[PDB]
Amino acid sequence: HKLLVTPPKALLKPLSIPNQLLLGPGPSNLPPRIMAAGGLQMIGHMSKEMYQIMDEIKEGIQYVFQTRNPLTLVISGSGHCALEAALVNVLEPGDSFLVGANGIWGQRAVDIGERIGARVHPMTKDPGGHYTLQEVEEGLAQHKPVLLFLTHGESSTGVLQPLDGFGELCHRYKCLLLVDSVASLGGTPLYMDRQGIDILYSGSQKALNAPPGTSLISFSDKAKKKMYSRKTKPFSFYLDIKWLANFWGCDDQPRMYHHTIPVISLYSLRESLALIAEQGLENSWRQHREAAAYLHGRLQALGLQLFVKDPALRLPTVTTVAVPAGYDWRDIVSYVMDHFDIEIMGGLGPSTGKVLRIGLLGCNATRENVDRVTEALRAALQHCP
């Protein structure tokens, strides 16, 4: 009858949070509109009003993806969860799957691919390598895979991958194209339909400035074919597209309960799509281009060296800087946080220990924050060791 665990003393103090300027690869600081909807009251997860908001979010994804794919919806999970949803519904165990292992994203896409039992083919490329359209038409012709995965914005390495024709290509091989646009969406040009991409996904907490935990996905009719006619059943119920599609209104059938959508995160995601819709994709693209170029200038002035040699290959949203020799990078990062309240990051996966990563995302890709991060990284450079 007696209680083993007593109420935690930490929980009896008020929730307090530090004020940080988040200039790493994400998540990023939230604009006022997005904090506001986050503080909103609940409505029924199946009210007609919730359905209306969901439908608006749908159009929002279609606008930012540039597509009319009826099979377009939010995944109730982080970026990873959309990637996993893409793979777990598309790949039968047995299917052949070709992955551009450019950075950690291609690796994760492999790890998942393996886990769901697939003939995965690692086109390994060193941290910084953007796959050649020449390397691709060889790789896929060679392995005749049902699916290719490619990272658009490689936030692990800072690479901006060209996408043109790969869609036209893959289609000729009866191959569907899967693109990770989590870091790239909103920050650089992308056209799901015109570039004939089959599965595009992005995440909430990058250029869109919504809080992390939701993600975005769209399937071309070809993918819709393959998924609705697979013999095997996806190893996941949570991520089962047939269920998700229906509840999200992509069917002929009335919405059936599947799982409880994250209502409040949807309010905030909605707003983030409203915001970029008001700005406009091209205006937003330009801002990210302009901010990144500015940031590049200042870093080079500091004596710092950009990690990606060719500028046309540089991801505007996440800039990667080689590590200043004679410096323990961790100090640099710590000094920025410790003295300026600013978050920047280091390497991830392949790029671990080899780079610093600086993000410029949505309402935060500004000349000012470029100034703040430069003036912070200058000071770091002065007294780090």
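All residue numbers refer to positions in the sequence shown, first residue = 1.
- Across the two stretches, 319-327 and 24-32, the PDB entry reports the greater mean Cα temperature factor for 319-327.
- The stretch with the higher mean CA B factor, choosing between 343-351 and 34-42, is 343-351.
- Ranking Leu190, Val110, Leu273, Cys81 by the C-alpha B-factor listed in the PDB entry places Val110 at the top.
- Of the candidates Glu138, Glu278, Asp240, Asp221, it is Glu138 whose Cα B-factor is highest according to the PDB record.
- Placement of the Cα temperature factor of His288 within the chain: middle third of the modelled residues, per the deposited record.
- When the CA B factors of the chain's modelled residues are split into thirds, the value for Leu178 lands in the middle one.
- In the PDB entry, a CA B factor belonging to the middle third of its chain's modelled residues is recorded for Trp105.
- Sorting the modelled residues of the chain by their CA temperature factor places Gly303 in the highest third.
- Sorting the modelled residues of the chain by their CA temperature factor places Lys206 in the lowest third.
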